[PDB]
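S.K.: Have a look at this one.
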Amino acid sequence: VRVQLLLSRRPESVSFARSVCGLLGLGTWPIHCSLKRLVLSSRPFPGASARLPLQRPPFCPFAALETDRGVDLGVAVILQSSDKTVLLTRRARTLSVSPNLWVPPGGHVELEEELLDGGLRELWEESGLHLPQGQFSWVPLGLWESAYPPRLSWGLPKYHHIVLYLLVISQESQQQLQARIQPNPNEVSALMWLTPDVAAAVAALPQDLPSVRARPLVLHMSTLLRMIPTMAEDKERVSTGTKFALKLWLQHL
Ligand code: EMC
Ligand code: EMC
């Protein structure tokens with residue numbers, strides 16, 4: 001699944017090297033979009049279902065520079081409990097493409113699947129939370145242009161995504177939710193729940209509560225506030241897009 005821009009009134013694919021953010025404008029708002037092709041435009045259009053914030057990290061490789069590939073599309077899910085807490089997942093210790101990142105569960109949008117289905121699935125592929133009909137609302141939060149490797153300091157970029165974060169707001173408690181959680185060891189090595197105050201801190205109490213059966217873990221604010229390096233390194237920290245997402249979640253509240 002790819003990404004197109006309505007700069008005129010007739011859409012076009014984006015060339016990979018180009019900053020989507022730049023073509024539409026560190027951030028731009030509101031951005032009108034439809035996922036059905038993700039379509040983006042600074043201007044409204046007949047198809048569009050949401051007006052969203054689009055941001056890039058200050059270290060974006062494409063904004064710096066201003067081709068057998070294109071601009072992929074990812075989805076990631078911010079799952080809020082009845083208790084106003086959100087789930088994060090540390091990516092599996094078992095390596096390859098961004099290991100030990102705390103990120104919300106997410107990944108490639110499939111091909112022909114709707115957005116909520118990509119989220120709700122990716123949630124399930126990682127946490128094994130299946131959400132029962134009528135026991136959750138959802139709202140799209142925003143759009144985040146990213147790369148692997150993250151920035152010029154780590155290499156020229158291979159991957160180029162637009163990530164759409166969803167907020168899935170459950171009517172169930174964290175107790176009730178954590179109960180029926182059954183993660184996949186191969187995809188995630190740790191799960192945690194964030195309060196607003198901890199999220200507020202991460203986005204902008206010295207320790208928060210398993211690693212993976214289920215060994216308990218004390219994650220230290222130090223870790224959760226760790227910033228991104230210049231020189232590559234796979235150290236346990238919270239990704240820059242997740243920070244954008246969590247900021248957005250707080251705006252929502
Ligand atoms: C020039 C605003 Hg991404
Ligand atoms: C499907 C919300 Hg751009």
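We name chains A, B, ... following the order of the structure tokens; residues begin at 1 in each chain, and ligands are numbered from 1 as shown.
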Collect all residues with atoms no farther than 12 Å from ligand 1, counting only C-alpha atoms and all ligand atoms, and output them as an MDAnalysis selection string.
M.R.: chainID A and resid 18:31 42 53:58 60 62:63 66 143:145
S.K.: Mind listing the residues within 12 Å of ligand 2, only C-alpha atoms and all ligand atoms counted, as an NGL selection string?
M.R.: :A and (3-4 or 30-41 or 44-45 or 47-54 or 73-75 or 109 or 113-119 or 138-143 or 162-167)
S.K.: Just N, CA and C atoms for this one: save the residues we selected as a short mmCIF file (atom, residue, chain, number, x, y, z; two decimals), in the first residue's frame.
M.R.:
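Generated file (selection-v3.cif):
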data_model
loop_
_atom_site.label_atom_id
_atom_site.label_comp_id
_atom_site.auth_asym_id
_atom_site.auth_seq_id
_atom_site.Cartn_x
_atom_site.Cartn_y
_atom_site.Cartn_z
N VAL A 3 1.27 5.89 -1.03
CA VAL A 3 0.86 7.20 -0.56
C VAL A 3 0.92 8.23 -1.70
N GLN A 4 -0.18 8.97 -1.86
CA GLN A 4 -0.35 9.97 -2.91
C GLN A 4 -0.83 11.27 -2.38
N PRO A 30 -4.12 21.83 8.98
CA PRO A 30 -4.58 20.46 8.94
C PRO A 30 -4.27 19.81 7.60
N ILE A 31 -4.04 18.49 7.66
CA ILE A 31 -3.90 17.65 6.49
C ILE A 31 -5.13 16.75 6.30
N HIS A 32 -5.76 16.84 5.11
CA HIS A 32 -6.98 16.12 4.80
C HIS A 32 -6.56 14.80 4.24
N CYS A 33 -7.22 13.71 4.67
CA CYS A 33 -6.90 12.40 4.12
C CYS A 33 -8.00 11.39 4.07
N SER A 34 -7.74 10.42 3.21
CA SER A 34 -8.58 9.28 2.99
C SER A 34 -7.60 8.10 2.91
N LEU A 35 -7.99 7.00 3.55
CA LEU A 35 -7.37 5.69 3.39
C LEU A 35 -8.49 4.84 2.88
N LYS A 36 -8.29 4.26 1.71
CA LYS A 36 -9.32 3.44 1.09
C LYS A 36 -8.69 2.58 0.00
N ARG A 37 -4.39 3.01 -1.26
CA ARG A 37 -4.00 4.41 -1.34
C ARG A 37 -4.40 5.16 -0.07
N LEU A 38 -3.41 5.75 0.61
CA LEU A 38 -3.66 6.83 1.55
C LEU A 38 -3.53 8.08 0.72
N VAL A 39 -4.50 8.99 0.81
CA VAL A 39 -4.43 10.26 0.08
C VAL A 39 -4.32 11.45 1.04
N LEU A 40 -3.39 12.35 0.76
CA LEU A 40 -3.11 13.51 1.59
C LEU A 40 -3.20 14.76 0.79
N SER A 41 -3.80 15.77 1.39
CA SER A 41 -3.79 17.08 0.81
C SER A 41 -3.94 18.12 1.92
N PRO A 44 -9.06 20.31 1.43
CA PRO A 44 -10.11 19.28 1.43
C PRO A 44 -10.42 18.74 0.02
N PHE A 45 -10.99 17.54 -0.05
CA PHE A 45 -11.32 16.89 -1.33
C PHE A 45 -12.47 15.92 -1.08
N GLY A 47 -13.25 12.76 -1.46
CA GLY A 47 -12.97 11.55 -0.68
C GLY A 47 -12.64 11.64 0.82
N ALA A 48 -12.22 12.80 1.33
CA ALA A 48 -11.48 12.85 2.60
C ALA A 48 -12.33 12.60 3.83
N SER A 49 -11.82 11.75 4.74
CA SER A 49 -12.51 11.35 6.00
C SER A 49 -11.97 11.96 7.29
N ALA A 50 -10.81 12.61 7.26
CA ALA A 50 -10.25 13.22 8.46
C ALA A 50 -9.35 14.44 8.17
N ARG A 51 -9.26 15.36 9.13
CA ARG A 51 -8.28 16.47 9.14
C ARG A 51 -7.28 16.19 10.28
N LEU A 52 -6.02 15.94 9.94
CA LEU A 52 -5.06 15.42 10.88
C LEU A 52 -3.82 16.30 10.91
N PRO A 53 -3.07 16.26 12.04
CA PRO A 53 -1.71 16.81 12.05
C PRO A 53 -0.70 15.85 11.39
N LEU A 54 0.16 16.40 10.55
CA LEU A 54 1.34 15.70 9.98
C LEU A 54 2.64 16.28 10.56
N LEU A 73 3.24 2.88 3.89
CA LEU A 73 2.22 3.35 4.79
C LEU A 73 2.13 2.36 5.91
N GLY A 74 2.24 2.86 7.15
CA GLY A 74 2.10 2.05 8.34
C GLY A 74 0.94 2.57 9.17
N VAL A 75 0.45 1.69 10.03
CA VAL A 75 -0.52 2.05 11.03
C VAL A 75 0.06 1.65 12.41
N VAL A 109 0.44 -1.56 6.63
CA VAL A 109 -0.97 -1.64 6.20
C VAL A 109 -1.05 -2.56 4.97
N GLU A 113 -6.93 -3.68 2.88
CA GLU A 113 -7.57 -3.62 4.20
C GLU A 113 -7.87 -2.17 4.62
N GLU A 114 -8.97 -1.98 5.33
CA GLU A 114 -9.27 -0.70 5.92
C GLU A 114 -8.32 -0.42 7.09
N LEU A 115 -8.28 0.84 7.53
CA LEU A 115 -7.34 1.31 8.57
C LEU A 115 -7.63 0.70 9.92
N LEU A 116 -8.88 0.74 10.36
CA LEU A 116 -9.18 0.22 11.71
C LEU A 116 -8.83 -1.27 11.79
N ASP A 117 -9.06 -1.99 10.69
CA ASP A 117 -8.70 -3.42 10.57
C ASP A 117 -7.22 -3.70 10.61
N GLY A 118 -6.40 -2.79 10.07
CA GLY A 118 -4.94 -2.90 10.14
C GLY A 118 -4.45 -2.71 11.55
N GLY A 119 -5.02 -1.72 12.23
CA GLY A 119 -4.69 -1.44 13.60
C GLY A 119 -5.09 -2.62 14.45
N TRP A 138 -12.99 4.67 18.52
CA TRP A 138 -11.71 4.98 17.93
C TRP A 138 -11.72 6.25 17.14
N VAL A 139 -10.59 6.92 17.14
CA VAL A 139 -10.43 8.16 16.43
C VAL A 139 -9.00 8.17 15.87
N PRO A 140 -8.83 8.67 14.63
CA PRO A 140 -7.47 8.85 14.11
C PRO A 140 -6.82 10.07 14.77
N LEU A 141 -5.52 9.96 15.09
CA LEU A 141 -4.79 10.97 15.86
C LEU A 141 -3.90 11.82 14.98
N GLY A 142 -3.01 11.18 14.22
CA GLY A 142 -2.17 11.90 13.29
C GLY A 142 -1.30 11.08 12.35
N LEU A 143 -0.42 11.81 11.67
CA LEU A 143 0.43 11.30 10.61
C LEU A 143 1.86 11.71 10.90
N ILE A 162 4.76 6.81 5.84
CA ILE A 162 3.88 7.71 6.59
C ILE A 162 3.19 6.75 7.54
N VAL A 163 3.22 7.10 8.81
CA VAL A 163 2.63 6.30 9.84
C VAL A 163 1.38 7.01 10.28
N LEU A 164 0.26 6.30 10.29
CA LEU A 164 -0.98 6.82 10.83
C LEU A 164 -1.20 6.22 12.19
N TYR A 165 -1.19 7.06 13.22
CA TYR A 165 -1.54 6.60 14.57
C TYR A 165 -3.03 6.69 14.78
N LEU A 166 -3.63 5.59 15.23
CA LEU A 166 -5.02 5.56 15.74
C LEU A 166 -5.05 5.56 17.25
N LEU A 167 -6.07 6.20 17.82
CA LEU A 167 -6.43 6.07 19.24
C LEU A 167 -7.66 5.16 19.40
#
S.K.: Between A:123, A:204, A:92, A:147, single out the one closest to residue 236 of chain A, counting only C-alpha atoms.
M.R.: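 Residue with the minimum atom-to-atom distance to residue 236 of chain A: A:92.
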S.K.: Tell me, which residues of segment 1-213 of chain A carry DSSP strand (DSSP E or B), written as a PyMOL selection string?
M.R.: chain A and resi 3-5+12-13+27-35+38-41+50-55+72-80+86-91+101-103+106-108+136-148+153+155+159-170+188-194+207-208+211
S.K.: Pick the closest to residue 59 of chain A from A:88, A:246, A:253, A:228: which is it, counting only C-alpha atoms?
M.R.: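 Selected residue with least distance to residue 59 of chain A: A:228.
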S.K.: From a backbone DSSP assignment, name each residue in segment 118-201 of chain A labelled alpha helix (DSSP H), as a PyMOL selection string.
M.R.: chain A and resi 118-127+174-179+196-201
S.K.: For the residues selected in the previous step, produce a file with N, CA, C and O atoms as a PDB file, in the first residue's frame.
M.R.:
ATOM      1  N   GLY A 118      -6.403  -2.792  10.069  1.00  0.00           N
ATOM      2  CA  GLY A 118      -4.944  -2.903  10.137  1.00  0.00           C
ATOM      3  C   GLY A 118      -4.448  -2.706  11.555  1.00  0.00           C
ATOM      4  O   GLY A 118      -3.585  -3.436  12.028  1.00  0.00           O
ATOM      5  N   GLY A 119      -5.017  -1.718  12.234  1.00  0.00           N
ATOM      6  CA  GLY A 119      -4.689  -1.445  13.604  1.00  0.00           C
ATOM      7  C   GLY A 119      -5.092  -2.622  14.450  1.00  0.00           C
ATOM      8  O   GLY A 119      -4.228  -3.395  14.875  1.00  0.00           O
ATOM      9  N   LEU A 120      -6.409  -2.763  14.651  1.00  0.00           N
ATOM     10  CA  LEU A 120      -7.022  -3.851  15.443  1.00  0.00           C
ATOM     11  C   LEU A 120      -6.362  -5.220  15.227  1.00  0.00           C
ATOM     12  O   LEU A 120      -6.269  -6.010  16.188  1.00  0.00           O
ATOM     13  N   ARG A 121      -5.857  -5.469  14.014  1.00  0.00           N
ATOM     14  CA  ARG A 121      -5.098  -6.710  13.693  1.00  0.00           C
ATOM     15  C   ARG A 121      -3.707  -6.713  14.282  1.00  0.00           C
ATOM     16  O   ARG A 121      -3.312  -7.684  14.914  1.00  0.00           O
ATOM     17  N   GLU A 122      -2.950  -5.653  13.981  1.00  0.00           N
ATOM     18  CA  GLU A 122      -1.568  -5.445  14.474  1.00  0.00           C
ATOM     19  C   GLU A 122      -1.496  -5.442  15.997  1.00  0.00           C
ATOM     20  O   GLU A 122      -0.579  -6.030  16.580  1.00  0.00           O
ATOM     21  N   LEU A 123      -2.484  -4.798  16.619  1.00  0.00           N
ATOM     22  CA  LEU A 123      -2.701  -4.920  18.048  1.00  0.00           C
ATOM     23  C   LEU A 123      -2.733  -6.366  18.448  1.00  0.00           C
ATOM     24  O   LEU A 123      -1.964  -6.787  19.289  1.00  0.00           O
ATOM     25  N   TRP A 124      -3.623  -7.120  17.816  1.00  0.00           N
ATOM     26  CA  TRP A 124      -3.806  -8.541  18.080  1.00  0.00           C
ATOM     27  C   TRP A 124      -2.576  -9.376  17.706  1.00  0.00           C
ATOM     28  O   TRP A 124      -2.158 -10.215  18.505  1.00  0.00           O
ATOM     29  N   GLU A 125      -1.947  -9.135  16.552  1.00  0.00           N
ATOM     30  CA  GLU A 125      -0.733  -9.910  16.184  1.00  0.00           C
ATOM     31  C   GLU A 125       0.402  -9.774  17.226  1.00  0.00           C
ATOM     32  O   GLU A 125       1.300 -10.618  17.256  1.00  0.00           O
ATOM     33  N   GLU A 126       0.382  -8.683  18.006  1.00  0.00           N
ATOM     34  CA  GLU A 126       1.416  -8.357  19.004  1.00  0.00           C
ATOM     35  C   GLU A 126       1.032  -8.613  20.448  1.00  0.00           C
ATOM     36  O   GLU A 126       1.824  -9.147  21.200  1.00  0.00           O
ATOM     37  N   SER A 127      -0.168  -8.196  20.824  1.00  0.00           N
ATOM     38  CA  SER A 127      -0.688  -8.347  22.179  1.00  0.00           C
ATOM     39  C   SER A 127      -1.684  -9.489  22.387  1.00  0.00           C
ATOM     40  O   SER A 127      -1.958  -9.840  23.536  1.00  0.00           O
ATOM     41  N   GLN A 174      -7.871  -1.360  32.672  1.00  0.00           N
ATOM     42  CA  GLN A 174      -6.528  -1.892  32.480  1.00  0.00           C
ATOM     43  C   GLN A 174      -6.378  -3.273  33.125  1.00  0.00           C
ATOM     44  O   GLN A 174      -5.729  -4.164  32.538  1.00  0.00           O
ATOM     45  N   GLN A 175      -6.934  -3.424  34.341  1.00  0.00           N
ATOM     46  CA  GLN A 175      -6.978  -4.719  35.029  1.00  0.00           C
ATOM     47  C   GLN A 175      -7.600  -5.750  34.084  1.00  0.00           C
ATOM     48  O   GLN A 175      -6.947  -6.731  33.696  1.00  0.00           O
ATOM     49  N   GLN A 176      -8.835  -5.468  33.663  1.00  0.00           N
ATOM     50  CA  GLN A 176      -9.592  -6.350  32.762  1.00  0.00           C
ATOM     51  C   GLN A 176      -8.844  -6.656  31.446  1.00  0.00           C
ATOM     52  O   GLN A 176      -8.845  -7.812  30.979  1.00  0.00           O
ATOM     53  N   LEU A 177      -8.192  -5.629  30.886  1.00  0.00           N
ATOM     54  CA  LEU A 177      -7.434  -5.756  29.633  1.00  0.00           C
ATOM     55  C   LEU A 177      -6.140  -6.553  29.794  1.00  0.00           C
ATOM     56  O   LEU A 177      -5.908  -7.493  29.030  1.00  0.00           O
ATOM     57  N   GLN A 178      -5.323  -6.188  30.789  1.00  0.00           N
ATOM     58  CA  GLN A 178      -4.027  -6.859  31.063  1.00  0.00           C
ATOM     59  C   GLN A 178      -4.208  -8.347  31.365  1.00  0.00           C
ATOM     60  O   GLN A 178      -3.354  -9.174  31.006  1.00  0.00           O
ATOM     61  N   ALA A 179      -5.326  -8.662  32.023  1.00  0.00           N
ATOM     62  CA  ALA A 179      -5.737 -10.032  32.263  1.00  0.00           C
ATOM     63  C   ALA A 179      -5.663 -10.862  30.978  1.00  0.00           C
ATOM     64  O   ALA A 179      -4.828 -11.780  30.872  1.00  0.00           O
ATOM     65  N   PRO A 196      -1.264   9.476  32.093  1.00  0.00           N
ATOM     66  CA  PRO A 196      -1.010  10.766  31.465  1.00  0.00           C
ATOM     67  C   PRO A 196       0.243  11.465  31.964  1.00  0.00           C
ATOM     68  O   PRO A 196       0.997  11.993  31.137  1.00  0.00           O
ATOM     69  N   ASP A 197       0.488  11.465  33.277  1.00  0.00           N
ATOM     70  CA  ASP A 197       1.653  12.205  33.820  1.00  0.00           C
ATOM     71  C   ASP A 197       2.989  11.634  33.341  1.00  0.00           C
ATOM     72  O   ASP A 197       3.923  12.393  33.079  1.00  0.00           O
ATOM     73  N   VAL A 198       3.074  10.304  33.232  1.00  0.00           N
ATOM     74  CA  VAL A 198       4.287   9.660  32.707  1.00  0.00           C
ATOM     75  C   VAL A 198       4.399   9.945  31.228  1.00  0.00           C
ATOM     76  O   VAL A 198       5.474  10.200  30.756  1.00  0.00           O
ATOM     77  N   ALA A 199       3.269   9.915  30.519  1.00  0.00           N
ATOM     78  CA  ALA A 199       3.214  10.183  29.087  1.00  0.00           C
ATOM     79  C   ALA A 199       3.554  11.629  28.794  1.00  0.00           C
ATOM     80  O   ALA A 199       4.362  11.917  27.911  1.00  0.00           O
ATOM     81  N   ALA A 200       2.927  12.533  29.525  1.00  0.00           N
ATOM     82  CA  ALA A 200       3.325  13.933  29.523  1.00  0.00           C
ATOM     83  C   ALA A 200       4.839  14.162  29.631  1.00  0.00           C
ATOM     84  O   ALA A 200       5.418  15.038  28.947  1.00  0.00           O
ATOM     85  N   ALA A 201       5.475  13.405  30.521  1.00  0.00           N
ATOM     86  CA  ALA A 201       6.908  13.503  30.700  1.00  0.00           C
ATOM     87  C   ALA A 201       7.641  12.928  29.458  1.00  0.00           C
ATOM     88  O   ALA A 201       8.394  13.632  28.808  1.00  0.00           O
TER      89      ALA A 201
END
S.K.: Between A:152, A:225, A:248, A:17, which is the closest to residue 206 of chain A once you count only C-alpha atoms?
M.R.: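 Checking each candidate against residue 206 of chain A, we get A:225 as the closest.
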S.K.: Quick one: distance from atom CA of residue 222 of chain A to atom CA of residue 93 of chain A in Å, one decimal?
M.R.: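 Computing the Euclidean distance for atom CA of residue 222 of chain A and atom CA of residue 93 of chain A yields 19.5 Å.
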S.K.: How far is it from atom CA of residue 81 of chain A to atom CA of residue 173 of chain A, in Å with one decimal?
M.R.: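 Atom CA of residue 173 of chain A lies 5.4 Å from atom CA of residue 81 of chain A.
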S.K.: Pick from A:159, A:249, A:154, A:148: nearest to residue 203 of chain A, with only C-alpha atoms counted?
M.R.: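 Using only C-alpha atoms, the shortest distance to residue 203 of chain A belongs to A:249.
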